[PDB]
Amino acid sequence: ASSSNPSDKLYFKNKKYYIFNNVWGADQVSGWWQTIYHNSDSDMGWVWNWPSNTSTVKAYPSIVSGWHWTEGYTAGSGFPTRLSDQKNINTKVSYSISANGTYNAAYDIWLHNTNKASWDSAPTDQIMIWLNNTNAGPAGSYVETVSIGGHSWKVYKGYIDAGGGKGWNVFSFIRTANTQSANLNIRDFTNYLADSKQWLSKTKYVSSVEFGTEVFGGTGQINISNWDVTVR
């Protein structure tokens, strides 16, 4: 299957996940196009054209597990899960990008105080785990470099204003070099933030774990050959 409108979703794995076109800049960029596809559970991705050299994010096509400005959470996702409950959140991804321009590839993890997130519930925190940085850079200030899950990550801490009095903390982990595969436990990252740094209360809930590419400019494609997020 494939789809090309902003906001189109393709469900897979008994609706546990969906690919989400997630286009933000349709009205900003003349001649944009972006298509998501799912051929099988080991062959899915998206293809984009964002002829722009402005530094705004145009789209974050992503695979979603759990909540994403939705009423509730994808079925069988295992979200939400409270940090204090210390469930393992094991992810697997293998992917390959062919593109020019400015983009990244990152996990996106959303947290709330509520365990009943609604379609308009602003997150309290966002965690990004970048496996690829191509000419881009994170929001916030650099803190330190840390080894987690067998990888080295530059850590940044910042705040995203959503407008209208809404917004959230953003914690970014950027791999010190790009990689095309990672098998991570999100709990390692949240425990670093909560225990090691005391920046994150364990009362919070993980609402979503997602993986996608922020595209700022250029044309290309991603293929994803392995994907899963399991909360247990």
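Position 1 is the first residue in the sequence shown; the rest follow in order.
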Quiz item: Of the two stretches 178-186 and 50-58, which shows the higher Cα B-factor on average in the entry?
Solution: 50-58
Self-check item: 100-108 versus 113-121 - which carries the larger mean C-alpha B factor in the record
Solution: 113-121
Quiz item: So among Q28, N169, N191, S207, who wins on Cα B-factor in the entry?
Solution: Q28
Quiz item: Taking the Cα B-factors listed in the entry, which of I19, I222, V23, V215 comes out highest?
Solution: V23
Exercise. Consider only the C-alpha atoms of the modelled residues in this chain, order them by B-factor as the entry records it, and name the third containing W153: lowest, middle or highest.
Key: lowest
Quiz item: Going by the entry, which third of its chain does the Cα temperature factor of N135 land in?
Solution: highest
Quiz item: What third of the chain, by the recorded C-alpha B-factor, contains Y95?
Solution: lowest
Quiz prompt | B-factor third for the C-alpha atom of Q126 within its chain | solution = lowest
Exercise. Quick one: classify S84 as lowest, middle or highest third of the chain based on its Cα B-factor.
Key: middle
